[PDB]
Amino acid sequence: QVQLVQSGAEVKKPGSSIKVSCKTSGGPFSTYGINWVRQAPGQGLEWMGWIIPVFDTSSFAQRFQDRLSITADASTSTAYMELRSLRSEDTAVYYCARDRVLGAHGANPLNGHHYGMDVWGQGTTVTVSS
Amino acid sequence: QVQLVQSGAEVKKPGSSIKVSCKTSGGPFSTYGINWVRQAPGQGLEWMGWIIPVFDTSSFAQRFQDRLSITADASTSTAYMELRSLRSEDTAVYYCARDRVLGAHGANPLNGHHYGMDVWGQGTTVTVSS
Amino acid sequence: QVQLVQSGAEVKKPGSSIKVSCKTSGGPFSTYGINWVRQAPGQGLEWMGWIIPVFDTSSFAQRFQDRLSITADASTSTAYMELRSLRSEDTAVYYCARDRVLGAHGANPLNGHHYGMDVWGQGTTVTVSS
Amino acid sequence: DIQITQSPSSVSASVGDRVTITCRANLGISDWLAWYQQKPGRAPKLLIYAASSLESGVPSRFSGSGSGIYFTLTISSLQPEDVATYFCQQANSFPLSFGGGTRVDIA
Amino acid sequence: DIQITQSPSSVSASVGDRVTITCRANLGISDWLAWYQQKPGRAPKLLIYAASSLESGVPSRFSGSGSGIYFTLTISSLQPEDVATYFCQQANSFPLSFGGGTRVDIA
Amino acid sequence: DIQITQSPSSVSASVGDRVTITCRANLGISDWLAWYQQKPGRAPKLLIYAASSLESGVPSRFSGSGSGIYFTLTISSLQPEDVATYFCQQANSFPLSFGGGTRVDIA
Amino acid sequence: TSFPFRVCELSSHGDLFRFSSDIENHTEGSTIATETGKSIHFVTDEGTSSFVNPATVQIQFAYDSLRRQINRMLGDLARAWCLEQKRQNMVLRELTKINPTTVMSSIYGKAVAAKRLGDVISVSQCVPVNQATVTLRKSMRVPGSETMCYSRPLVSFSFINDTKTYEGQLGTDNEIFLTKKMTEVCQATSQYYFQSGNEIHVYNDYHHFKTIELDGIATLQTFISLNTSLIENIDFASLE
Amino acid sequence: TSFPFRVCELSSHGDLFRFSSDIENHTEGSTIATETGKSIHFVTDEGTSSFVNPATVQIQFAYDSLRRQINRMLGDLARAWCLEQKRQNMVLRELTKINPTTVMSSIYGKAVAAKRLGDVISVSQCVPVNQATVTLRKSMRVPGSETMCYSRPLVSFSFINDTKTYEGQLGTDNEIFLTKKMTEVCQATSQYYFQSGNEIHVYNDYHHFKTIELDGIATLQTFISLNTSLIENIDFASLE
Amino acid sequence: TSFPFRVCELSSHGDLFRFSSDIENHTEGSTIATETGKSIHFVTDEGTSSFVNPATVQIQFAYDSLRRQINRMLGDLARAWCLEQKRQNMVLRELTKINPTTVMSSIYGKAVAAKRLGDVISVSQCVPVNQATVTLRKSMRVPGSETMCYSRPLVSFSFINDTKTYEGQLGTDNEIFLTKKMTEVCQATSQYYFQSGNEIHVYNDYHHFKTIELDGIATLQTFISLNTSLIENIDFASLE
Ligand SMILES: *[C@@H]1O[C@H](CO)[C@@H](O)[C@H](O)[C@H]1NC(C)=O
Ligand SMILES: *[C@@H]1O[C@H](CO)[C@@H](O)[C@H](O)[C@H]1NC(C)=O
Ligand SMILES: *[C@@H]1O[C@H](CO)[C@@H](O)[C@H](O)[C@H]1NC(C)=O
Ligand SMILES: *[C@@H]1O[C@H](CO)[C@@H](O)[C@H](O)[C@H]1NC(C)=O
Ligand SMILES: *[C@@H]1O[C@H](CO)[C@@H](O)[C@H](O)[C@H]1NC(C)=O
Ligand SMILES: *[C@@H]1O[C@H](CO)[C@@H](O)[C@H](O)[C@H]1NC(C)=O
């Protein structure tokens with residue numbers, strides 16, 4: 001069963017940069033796409049961005065369009081997300097969710113994001129405080 | 001006008017067998033199908049069974065699937081239904097109803113029972129008592 | 001902009017005949033059709049009749065089918081209406097309204113009255129009194 | 001065996017008022033339901049042979065409607081001769097069954 | 001002669017509230033009903049030429065809808081200049097007729 | 001950016017009662033909305049991948065329906081394990097967004 | 001005729017059918033040798049002669065050369081006729097989804113009832129009704145309803161050996177429907193021309209106005225004439 | 001051209017049309033005698049000669065034998081061409097029910113408006129509008145409604161001799177509709193390519209984006225080439 | 001094969017296509033002179049001879065006369081083949097509106113996904129799925145709903161190199177749909193025959209009953225045979 005293991009909790013001082021990792025095990029990593037979703041304490045889920053390793057195509061939310069960099073390492077089957085210029089509001093449980101449907105058939109991109117994300121990671125609680 | 005004349009009222013001791021007759025006059029008896037409907041006193045109509053004389057195809061209700069025998073005599077243009085092992089609950093006014101639409105065109109069976117029953121008979125009050 | 005200038009107010013003694021004129025300026029008078037609508041004081045609009053100058057085809061309401069004659073003069077680009085046997089009930093503000101869509105393409109009649117009347121005249125108050 | 005259920009066990013309306021009788025089924029009768037009218041000590045009389053097709057000799061006030069699961073019988077104006085029990089019969093496939101009659105009565 | 005009937009004789013609503021005028025017909029106008037607006041001592045003004053198509057130069061708040069027997073005129077927001085009488089006109093076939101105008105007023 | 005809005009912020013129902021969650025959008029998602037269920041300190045779980053297609057391993061009581069602007073999530077019977085927050089996610093086009101979760105609670 | 005008055009909704013047994021999804025030795029010797037069963041034909045273009053009266057080889061060449069070109073055309077014509085039919089097969093399959101009976105009656109050249117069960121077509125036979133008894137009703141208005149009126153005309157008819165007279169609704173291709181559930185909202189100035197047998201019954205305002213023969217209404221000329229010009233019979237004259 | 005900008009909803013008179021429902025002397029003497037008007041042709045297969053320079057009969061036979069085979073082919077080809085057209089007639093009739101104007105415009109090779117009155121087709125003529133005045137609007141969104149937006153683009157045009165400028169909605173085949181009631185719910189990332197005259201107007205998010213020529217978009221190659229190979233002109237050489 | 005098990009709703013890039021809207025020197029001298037590149041052919045009907053062994057001119061005339069009649073037929077046949085295709089082009093365009101993928105798959109002779117954007121067709125490619133993994137489900141009834149049941153059968157499959165098993169709904173032409181939103185109200189005595197690969201899966205009462213080969217169900221004979229009779233090979237005999 002495709003399992004996505006995320007990194008552990010990391011308290012980061014404000015203005016630092018955090019890189020949360022998400023290892024995919026039990027399925028193709030490059031063909032499918034992983035979405036990074038952030039849920040602040042007592043807040044609703046907020047899509048941060050999505051990347052597809054096969055094409056390295058990363059789409060980000062406007063809020064983090066400048067300070068967010070989502071990368072993918074095929075060799076480690078691991079996808080990473082880097083939030084720079086951390087501020088108190090960045091405190092949350094970051095989640096790595098793999099799309100339910102295939103996103104790439106060879107060199108042809110597919111619309112697998114239309115069917116949502118089925119496998120979610122445990123989540124990483126980044127607390128931004130000094 | 002097709003008229004169906006049923007038999008007269010017959011009080012039958014329990015465990016006896018009653019065979020109510022229904023004579024068709026004014027239309028093709030064999031081609032059309034006659035349905036036997038039973039209405040117990042203070043009860044709703046209850047389909048007992050249906051037969052088509054040309055194909056002698058008789059369909060019965062599960063309740064009487066074992067004790068009910070519906071026959072048809074083309075020579076007398078009469079359809080006869082027999083109920084065996086009579087019990088008090090069998091007391092009711094039996095009705096012979098001819099299907100509104102033709103049920104057979106030559107040797108080809110037709111779905112004429114989908115349009116309901118137009119001509120009914122007077123009704124035979126059968127009382128099962130000792 | 002197509003402008004329809006109607007005639008002025010005329011108090012008419014009962015039993016007289018009134019002829020209200022409506023001059024079309026700024027568009028093809030003959031091709032389009034003019035409808036005559038009468039609104040009695042404190043009453044709803046009442047279509048009186050319609051004519052198409054090119055085909056001199058005039059359709060009148062049943063109420064005035066006998067005493068109403070709607071004519072059209074291409075030379076003066078003016079359409080006229082004559083109500084005969086005037087009675088007190090005839091007192092109202094007569095309106096000349098040009099159909100929104102073309103009513104005739106050459107010698108071919110068109111259904112331009114299905115789209116209603118866009119340009120209306122100022123109106124003529126005919127008071128029928130002695 | 002398809003199972004049909006009449007929504008109203010009994011209906012009381014004034015003369016002139018409309019009366020609606022519903023007949024639902026577990027499966028699809030596909031427009032093969034028939035409406036019948038039975039008066040005390042009389043044989044049932046077919047009113048709507050098809051789901052909506054009214055039989056000849058039946059006052060136009062009786063009208064039928066509905067397809068598959070849902071079915072409906074409407075009496076435009078209840079009249080003194082509309083006081084009877086109305087049974088809906090599934091005719092799609094044997095065993096054919098009759099729904100419990102609705103007792104229409106003058107209110 | 002097709003006969004058209006406006007459902008509301010008069011309607012009063014607050015500035016901002018929606019207002020719906022209904023115009024029914026005995027036969028089918030087939031999307032040939034026009035909506036007009038007339039102000040005291042003024043010529044009527046065409047708002048909806050077809051059943052739904054809005055005439056040019058008319059505030060978008062005036063919208064129309066419907067086909068055949070049923071037709072409707074809806075003002076998204078009643079504004080001070082919406083206080084007038086609205087007449088629906090059948091344009092399917094002569095004799096063309098106008099429905100009794102509905103008097104919209106500010107409540 | 002398509003904007004989705006969940007009609008009910010929180011819903012309280014008794015066990016056995018049905019619960020409907022509405023998710024509207026400014027534009028057309030064209031049957032690309034997904035319904036998720038999240039329990040305190042747990043990752044969200046996909047219930048309806050498409051607008052109406054139920055995900056495998058999800059109790060059948062969870063059903064989805066709707067297309068374009070209007071979408072709905074209906075639980076046939078609220079059960080003790082249905083007490084969670086339900087988020088609707090637009091999947092038509094990036095940026096993908098999640099609607100404010102509805103808090104279903106035992107009444 | 002091909003489409004008699006008939007009821008095609010009573011058939012209980014339909015035959016299941018499915019649309020098909022899936023539908024020379026020349027050796028150079030410029031002489032070319034073609035092997036025939038009893039001989040070998042040697043064709044020379046420069047020679048203008050074919051070898052199995054000097055004309056014999058020329059006459060052979062004439063027939064052989066025309067034979068090749070015509071048989072090559074008949075192959076190109078055939079190849080395209082097939083690619084055309086493979087399309088018309090998809091068109092007919094799509095049309096059956098829109099209306100099965102009319103398409104299947106065309107594919108059978110005979111009136112047949114058809115229903116689509118999944119991806120197969122159940123084709124059954126209709127119940128013919130007495131042509132003489134068939135008679136249309138003047139009123140097309142639904143009784144007790146001014147707003148609603150039958151979209152198609154009602155027909156009174158009777159079965160072949162049945163005295164009882166049934167009341168149905170005329171459909172297309174002389175097909176009577178026992179269920180008169182075809183109806184529409186009444187429209188002003190509504191004129192309809194309905195074909196029943198060899199007559200077109202004109203109905204004005206849902207009321208019968210006139211019965212005209214089929215020739216009264218002009219026929220659309222869909223047929224694309226091929227203008228096939230048959231080879232003329234030339235009697236060759238003897239010269240010297 | 002064949003389909004100019006036109007309004008086809010004003011015609012008051014339509015011509016009524018209906019689809020059609022219903023669409024050698026050889027005596028053995030192995031000699032076979034065929035009667036011609038001025039002569040009798042005797043064909044011998046074993047003889048390989050036809051009787052109305054020994055080649056004269058052979059040359060006659062050559063032409064006569066090809067004449068029989070080609071004319072038998074032209075008969076088989078014709079028979080199938082007819083059975084094909086009888087089907088294409090049913091297809092066109094079914095298509096007219098789905099859309100009458102487009103099918104009737106095809107059957108007439110000219111833009112014509114068509115409405116189906118019962119089982120007959122009322123064919124009328126459209127009202128041509130000035131090609132120069134016709135102009136599409138950039139906005140495809142219904143005013144006062146964000147949720148609803150015109151499915152097809154709005155067009156501003158004017159009649160041949162009419163100064164007034166009308167506002168309609170572009171349809172198919174350059175047909176302007178006076179009633180702008182064609183509309184749809186607004187969709188995200190909606191891109192539409194609409195053909196108006198000799199240009200395809202691209203609309204992105206219900207807003208005009210670009211106007212490309214027709215050649216910009218590739219053309220589907222539906223045409224099935226028959227690859228008809230015309231008989232070559234062979235000059236027979238004189239031999240001895 | 002031509003149509004393998006595939007998902008045609010994932011393609012993100014479609015190629016835009018559009019249906020096309022727009023689709024000898026004889027001098028009398030009764031001698032008629034026809035100019036050829038290397039010669040001039042003089043044809044005499046009364047002479048029955050064509051001038052570029054007295055038969056040479058007759059043999060030339062034979063070929064030339066058949067050459068003219070056959071090439072005039074090939075021109076009449078071509079003219080009608082074109083008028084036919086111009087109609088079949090309108091039919092295909094109308095059919096694409098009803099269903100785009102099936103018509104475009106036919107025009108491409110290969111399974112392709114198609115969506116209509118305005119007046120152009122976006123043609124994309126499908127995502128093939130492992131034929132071995134594809135497997136239909138016996139139950140065709142929506143879970144938790146007795147009244148509602150899947151109109152078409154559900155299929156369990158997997159992508160070419162993807163271990164994960166997806167659950168979809170079988171469509172037409174072996175096309176699996178990831179969204180199982182195709183469903184209908186449950187019907188009594190409902191029997192459906194659904195084609196999956198080279199098997200027709202019979203379902204009775206929304207429950208799989210039997211799996212028969214395609215040959216089990218008869219094939220509709222839509223194909224109209226042209227009965228093309230190829231010219232026979234006659235060996236002319238030498239006479240005197
Ligand atoms: C699946 O893996 C094999 C082996 O690497 C490769 O050849 C093949 O192309 C892959 N599948 C696809 C569809 O690319
Ligand atoms: C009608 O009755 C006659 C006389 O018995 C018989 O010959 C004929 O076959 C019957 N027709 C049908 C179709 O039953
Ligand atoms: C427009 O006017 C010109 C000039 O009179 C005339 O020749 C032409 O036929 C007119 N076109 C119409 C009436 O459509
Ligand atoms: C040839 O075919 C056309 C239709 O394609 C037809 O109009 C014409 O009459 C036919 N014959 C001649 C002599 O052109
Ligand atoms: C023959 O027709 C086919 C289409 O059926 C076409 O692709 C081809 O180019 C044509 N010509 C040749 C030389 O094959
Ligand atoms: C001619 O074609 C028909 C179909 O149109 C077919 O039934 C018949 O057998 C054929 N005759 C032959 C091949 O000789």
# chains A, B, ... in the order shown; residues from 1 in each chain; ligands from 1
>>> residues_around(residues="residue 2 of chain A", least_positions_apart="3", cutoff="7 Å", atoms="only C-alpha atoms", output="number ranges by chain")
A: 24-27
>>> residues_near_ligand(ligand="ligand 4", cutoff="7 Å", atoms="only C-alpha atoms and all ligand atoms", output="PyMOL selection string")
(chain G and resi 224-227) or (chain I and resi 80)
>>> residues_near_ligand(ligand="ligand 1", cutoff="7 Å", atoms="only C-alpha atoms and all ligand atoms", output="list in words")
residues 105 and 106 of chain A; 160 and 161 of chain I
>>> select_by_dssp(residues="segment 9-99 of chain F", states="strand (DSSP E or B)", output="number ranges by chain")
F: 10-13, 19-25, 33-38, 45-48, 54, 62-67, 70-75, 85-90, 97-98
>>> write_last_selection(atoms="C-alpha atoms", output="PDB file, in the first residue's frame")
ATOM      1  CA  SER F  10     -21.303  23.255  11.577  1.00  0.00           C
ATOM      2  CA  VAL F  11     -24.101  20.599  11.601  1.00  0.00           C
ATOM      3  CA  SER F  12     -25.514  18.829  14.711  1.00  0.00           C
ATOM      4  CA  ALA F  13     -27.749  15.779  14.078  1.00  0.00           C
ATOM      5  CA  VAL F  19     -26.604  15.269   7.022  1.00  0.00           C
ATOM      6  CA  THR F  20     -26.147  17.339   3.809  1.00  0.00           C
ATOM      7  CA  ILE F  21     -23.032  19.552   3.250  1.00  0.00           C
ATOM      8  CA  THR F  22     -23.146  22.066   0.334  1.00  0.00           C
ATOM      9  CA  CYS F  23     -20.016  23.330  -1.534  1.00  0.00           C
ATOM     10  CA  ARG F  24     -20.675  26.147  -4.084  1.00  0.00           C
ATOM     11  CA  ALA F  25     -18.123  27.673  -6.533  1.00  0.00           C
ATOM     12  CA  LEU F  33     -14.796  18.464  -6.406  1.00  0.00           C
ATOM     13  CA  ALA F  34     -13.478  16.025  -3.743  1.00  0.00           C
ATOM     14  CA  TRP F  35     -14.953  15.513  -0.218  1.00  0.00           C
ATOM     15  CA  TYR F  36     -12.545  14.727   2.679  1.00  0.00           C
ATOM     16  CA  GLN F  37     -13.089  13.776   6.361  1.00  0.00           C
ATOM     17  CA  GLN F  38     -10.543  14.864   9.038  1.00  0.00           C
ATOM     18  CA  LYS F  45      -9.328  10.952   4.378  1.00  0.00           C
ATOM     19  CA  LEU F  46     -10.802  11.129   0.819  1.00  0.00           C
ATOM     20  CA  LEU F  47     -14.500  10.034   0.824  1.00  0.00           C
ATOM     21  CA  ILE F  48     -15.809  11.143  -2.634  1.00  0.00           C
ATOM     22  CA  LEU F  54     -17.368   7.172  -3.575  1.00  0.00           C
ATOM     23  CA  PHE F  62     -21.325   8.724   2.646  1.00  0.00           C
ATOM     24  CA  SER F  63     -22.769   9.774  -0.767  1.00  0.00           C
ATOM     25  CA  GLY F  64     -21.911  12.779  -2.994  1.00  0.00           C
ATOM     26  CA  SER F  65     -23.828  14.626  -5.760  1.00  0.00           C
ATOM     27  CA  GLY F  66     -23.780  17.845  -7.840  1.00  0.00           C
ATOM     28  CA  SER F  67     -21.979  19.372 -10.858  1.00  0.00           C
ATOM     29  CA  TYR F  70     -23.500  23.317  -6.851  1.00  0.00           C
ATOM     30  CA  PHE F  71     -22.144  20.238  -4.968  1.00  0.00           C
ATOM     31  CA  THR F  72     -23.505  18.221  -1.971  1.00  0.00           C
ATOM     32  CA  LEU F  73     -22.264  15.554   0.517  1.00  0.00           C
ATOM     33  CA  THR F  74     -24.989  13.453   2.208  1.00  0.00           C
ATOM     34  CA  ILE F  75     -24.511  10.945   5.078  1.00  0.00           C
ATOM     35  CA  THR F  85     -14.746  17.994   9.874  1.00  0.00           C
ATOM     36  CA  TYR F  86     -15.624  17.579   6.148  1.00  0.00           C
ATOM     37  CA  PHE F  87     -13.660  19.687   3.600  1.00  0.00           C
ATOM     38  CA  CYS F  88     -14.619  20.072  -0.109  1.00  0.00           C
ATOM     39  CA  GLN F  89     -11.631  20.582  -2.479  1.00  0.00           C
ATOM     40  CA  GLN F  90     -11.812  22.096  -6.005  1.00  0.00           C
ATOM     41  CA  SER F  97      -8.419  25.197  -2.774  1.00  0.00           C
ATOM     42  CA  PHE F  98     -10.189  23.523   0.204  1.00  0.00           C
TER      43      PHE F  98
END
>>> closest_residue(among="C:3, C:122, C:130, C:16", to="residue 77 of chain C", atoms="only C-alpha atoms")
C:3
>>> interface_residues(of="chain F", to="chain H", cutoff="8 Å", atoms="only C-alpha atoms", output="VMD selection string")
chain F and resid 2 26 to 30 68 92 to 93
>>> atom_distance(atom1="atom CA of residue 120 of chain I", atom2="atom CA of residue 104 of chain A")
25.8 Å
>>> residues_around(residues="residue 48 of chain C", least_positions_apart="5", cutoff="7 Å", atoms="only C-alpha atoms", output="list in words")
residues 36, 37, 38, 60 and 61 of chain C
>>> residues_near_ligand(ligand="ligand 2", cutoff="12 Å", atoms="only C-alpha atoms and all ligand atoms", output="PyMOL selection string")
(chain B and resi 28+30-31+54+102-109) or (chain G and resi 126-130+159-163)
>>> write_last_selection(atoms="N, CA, C and O atoms", output="PDB file, in the first residue's frame")
ATOM      1  N   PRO B  28     -62.681 -13.159 -29.013  1.00  0.00           N
ATOM      2  CA  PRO B  28     -61.836 -14.352 -29.137  1.00  0.00           C
ATOM      3  C   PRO B  28     -61.326 -14.821 -27.767  1.00  0.00           C
ATOM      4  O   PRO B  28     -60.409 -14.208 -27.250  1.00  0.00           O
ATOM      5  N   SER B  30     -59.672 -17.725 -26.847  1.00  0.00           N
ATOM      6  CA  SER B  30     -58.307 -18.318 -26.844  1.00  0.00           C
ATOM      7  C   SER B  30     -57.210 -17.251 -26.916  1.00  0.00           C
ATOM      8  O   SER B  30     -56.263 -17.339 -26.113  1.00  0.00           O
ATOM      9  N   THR B  31     -57.321 -16.287 -27.834  1.00  0.00           N
ATOM     10  CA  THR B  31     -56.215 -15.308 -28.031  1.00  0.00           C
ATOM     11  C   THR B  31     -55.958 -14.500 -26.753  1.00  0.00           C
ATOM     12  O   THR B  31     -54.780 -14.371 -26.374  1.00  0.00           O
ATOM     13  N   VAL B  54     -54.771 -20.193 -25.655  1.00  0.00           N
ATOM     14  CA  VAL B  54     -54.081 -20.651 -26.901  1.00  0.00           C
ATOM     15  C   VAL B  54     -52.790 -21.393 -26.528  1.00  0.00           C
ATOM     16  O   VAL B  54     -52.537 -22.457 -27.123  1.00  0.00           O
ATOM     17  N   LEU B 102     -54.672  -7.835 -26.682  1.00  0.00           N
ATOM     18  CA  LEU B 102     -54.445  -9.214 -27.192  1.00  0.00           C
ATOM     19  C   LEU B 102     -53.173  -9.798 -26.568  1.00  0.00           C
ATOM     20  O   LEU B 102     -52.181  -9.052 -26.442  1.00  0.00           O
ATOM     21  N   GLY B 103     -53.195 -11.088 -26.218  1.00  0.00           N
ATOM     22  CA  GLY B 103     -52.024 -11.739 -25.600  1.00  0.00           C
ATOM     23  C   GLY B 103     -51.311 -12.682 -26.551  1.00  0.00           C
ATOM     24  O   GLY B 103     -50.250 -13.205 -26.165  1.00  0.00           O
ATOM     25  N   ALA B 104     -51.850 -12.896 -27.755  1.00  0.00           N
ATOM     26  CA  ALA B 104     -51.234 -13.872 -28.681  1.00  0.00           C
ATOM     27  C   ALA B 104     -51.610 -13.555 -30.129  1.00  0.00           C
ATOM     28  O   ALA B 104     -52.828 -13.478 -30.400  1.00  0.00           O
ATOM     29  N   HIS B 105     -50.610 -13.393 -31.007  1.00  0.00           N
ATOM     30  CA  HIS B 105     -50.875 -13.173 -32.453  1.00  0.00           C
ATOM     31  C   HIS B 105     -50.404 -14.420 -33.200  1.00  0.00           C
ATOM     32  O   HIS B 105     -49.202 -14.451 -33.567  1.00  0.00           O
ATOM     33  N   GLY B 106     -51.297 -15.395 -33.406  1.00  0.00           N
ATOM     34  CA  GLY B 106     -50.907 -16.674 -34.035  1.00  0.00           C
ATOM     35  C   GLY B 106     -50.171 -17.550 -33.037  1.00  0.00           C
ATOM     36  O   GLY B 106     -50.754 -17.853 -31.980  1.00  0.00           O
ATOM     37  N   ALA B 107     -48.934 -17.937 -33.356  1.00  0.00           N
ATOM     38  CA  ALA B 107     -48.122 -18.755 -32.425  1.00  0.00           C
ATOM     39  C   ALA B 107     -47.142 -17.849 -31.676  1.00  0.00           C
ATOM     40  O   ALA B 107     -46.278 -18.382 -30.955  1.00  0.00           O
ATOM     41  N   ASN B 108     -47.274 -16.531 -31.847  1.00  0.00           N
ATOM     42  CA  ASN B 108     -46.341 -15.577 -31.198  1.00  0.00           C
ATOM     43  C   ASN B 108     -46.971 -15.052 -29.903  1.00  0.00           C
ATOM     44  O   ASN B 108     -48.058 -14.439 -30.021  1.00  0.00           O
ATOM     45  N   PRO B 109     -46.370 -15.258 -28.698  1.00  0.00           N
ATOM     46  CA  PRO B 109     -46.910 -14.670 -27.467  1.00  0.00           C
ATOM     47  C   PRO B 109     -46.691 -13.151 -27.410  1.00  0.00           C
ATOM     48  O   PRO B 109     -45.644 -12.697 -27.833  1.00  0.00           O
TER      49      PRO B 109
ATOM     50  N   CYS G 126     -43.514  -6.925 -35.233  1.00  0.00           N
ATOM     51  CA  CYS G 126     -44.664  -6.114 -34.771  1.00  0.00           C
ATOM     52  C   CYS G 126     -45.981  -6.871 -34.942  1.00  0.00           C
ATOM     53  O   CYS G 126     -45.984  -7.903 -35.627  1.00  0.00           O
ATOM     54  N   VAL G 127     -47.048  -6.370 -34.315  1.00  0.00           N
ATOM     55  CA  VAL G 127     -48.379  -7.025 -34.430  1.00  0.00           C
ATOM     56  C   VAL G 127     -49.187  -6.245 -35.455  1.00  0.00           C
ATOM     57  O   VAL G 127     -49.698  -5.168 -35.110  1.00  0.00           O
ATOM     58  N   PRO G 128     -49.374  -6.786 -36.671  1.00  0.00           N
ATOM     59  CA  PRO G 128     -50.077  -6.078 -37.725  1.00  0.00           C
ATOM     60  C   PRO G 128     -51.540  -5.865 -37.344  1.00  0.00           C
ATOM     61  O   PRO G 128     -52.142  -6.720 -36.717  1.00  0.00           O
ATOM     62  N   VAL G 129     -52.079  -4.724 -37.752  1.00  0.00           N
ATOM     63  CA  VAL G 129     -53.493  -4.405 -37.401  1.00  0.00           C
ATOM     64  C   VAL G 129     -54.276  -4.219 -38.704  1.00  0.00           C
ATOM     65  O   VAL G 129     -53.640  -3.885 -39.722  1.00  0.00           O
ATOM     66  N   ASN G 130     -55.593  -4.444 -38.684  1.00  0.00           N
ATOM     67  CA  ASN G 130     -56.374  -4.365 -39.951  1.00  0.00           C
ATOM     68  C   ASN G 130     -56.273  -2.977 -40.592  1.00  0.00           C
ATOM     69  O   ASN G 130     -56.691  -1.992 -39.952  1.00  0.00           O
ATOM     70  N   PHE G 159     -57.368  -5.595 -34.283  1.00  0.00           N
ATOM     71  CA  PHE G 159     -56.348  -6.618 -34.643  1.00  0.00           C
ATOM     72  C   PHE G 159     -56.879  -7.499 -35.779  1.00  0.00           C
ATOM     73  O   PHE G 159     -58.091  -7.446 -36.055  1.00  0.00           O
ATOM     74  N   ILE G 160     -56.016  -8.307 -36.396  1.00  0.00           N
ATOM     75  CA  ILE G 160     -56.435  -9.110 -37.585  1.00  0.00           C
ATOM     76  C   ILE G 160     -57.733  -9.874 -37.302  1.00  0.00           C
ATOM     77  O   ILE G 160     -58.730  -9.592 -37.992  1.00  0.00           O
ATOM     78  N   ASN G 161     -57.738 -10.798 -36.340  1.00  0.00           N
ATOM     79  CA  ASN G 161     -58.953 -11.633 -36.147  1.00  0.00           C
ATOM     80  C   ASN G 161     -59.714 -11.193 -34.899  1.00  0.00           C
ATOM     81  O   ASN G 161     -60.456 -12.020 -34.350  1.00  0.00           O
ATOM     82  N   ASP G 162     -59.540  -9.944 -34.475  1.00  0.00           N
ATOM     83  CA  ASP G 162     -60.194  -9.477 -33.224  1.00  0.00           C
ATOM     84  C   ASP G 162     -61.284  -8.457 -33.557  1.00  0.00           C
ATOM     85  O   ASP G 162     -60.975  -7.467 -34.242  1.00  0.00           O
ATOM     86  N   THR G 163     -62.504  -8.700 -33.087  1.00  0.00           N
ATOM     87  CA  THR G 163     -63.654  -7.784 -33.317  1.00  0.00           C
ATOM     88  C   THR G 163     -63.467  -6.482 -32.532  1.00  0.00           C
ATOM     89  O   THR G 163     -63.847  -5.421 -33.067  1.00  0.00           O
TER      90      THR G 163
END
>>> residues_near_ligand(ligand="ligand 5", cutoff="12 Å", atoms="only C-alpha atoms and all ligand atoms", output="list in words")
residues 72, 73, 75, 76, 77, 78, 79, 80, 81, 82, 83 and 84 of chain G; 221, 222, 223, 224, 225, 226, 227, 228 and 229 of chain H; 107, 108 and 109 of chain I
>>> atom_distance(atom1="atom CA of residue 193 of chain I", atom2="atom CA of residue 60 of chain F")
27.0 Å
>>> residues_around(residues="residue 91 of chain C", least_positions_apart="2", cutoff="6 Å", atoms="only C-alpha atoms", output="compact mmCIF listing (two decimals) with N, CA and C atoms, in the first residue's frame")
# COMPACT_ATOMS: atom_id res chain seq x y z
N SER C 88 -67.78 58.25 -26.45
CA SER C 88 -67.01 58.72 -25.26
C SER C 88 -65.90 57.72 -24.92
N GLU C 89 -66.18 56.42 -25.00
CA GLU C 89 -65.18 55.40 -24.57
C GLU C 89 -63.92 55.51 -25.43
N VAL C 126 -56.95 62.01 -27.91
CA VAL C 126 -58.22 62.34 -28.59
C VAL C 126 -59.27 62.35 -27.50
N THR C 127 -59.84 63.51 -27.20
CA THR C 127 -60.97 63.55 -26.23
C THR C 127 -62.29 63.60 -27.01
N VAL C 128 -63.15 62.60 -26.81
CA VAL C 128 -64.46 62.56 -27.53
C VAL C 128 -65.52 63.18 -26.61
